[PDB]
């Protein structure tokens, strides 16, 4: 089962191992027990090079795990700006919604990744999208008193 080893190599940042495993038939779209693919794992752990190789070998840029998280949700949440841009360039759905009604914008806003917030907005992020509690990204900036974030959202 090369899919299991490819999930581990993507998380560990083993570039050479990822290339070798794909060359021997490893499922690029393999999933773990919660539906995380190698692309979700590389995107969460900040391995830019692995994200780019997986995208050139049939990875679904919009794969969702059991909680509706896409690789873009996790890149936006952890704060990897360079991976957010690559995902958007490869067709990531900027407005994808997870099981909590969160979009990547809500996650970059909560965690204070203002540069990623700017990128999501320039790429079409919906400022009116509400989470399951009815809150938009702007509502989070108002409720938490984040003046810097409120200014960016009003651009």
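Residue numbers count along the first chain shown, from 1.
Here 57-65 and 118-126 are compared by their mean Cα B-factor, and 118-126 comes out higher.
In the PDB entry, a CA B factor belonging to the middle third of its chain's modelled residues is recorded for residue 89. Among all modelled residues in this chain, the alpha-carbon of residue 18 has a temperature factor (C-alpha) in the highest third. Sorting the modelled residues of the chain by their CA temperature factor places residue 98 in the lowest third. In this PDB entry, the Cα temperature factor of residue 39 sits in the bottom third of its chain's modelled residues, the lowest group.
Per the deposited record, the Cα B-factor of residue 10 falls in the middle third when ranked against the other modelled residues of its chain.
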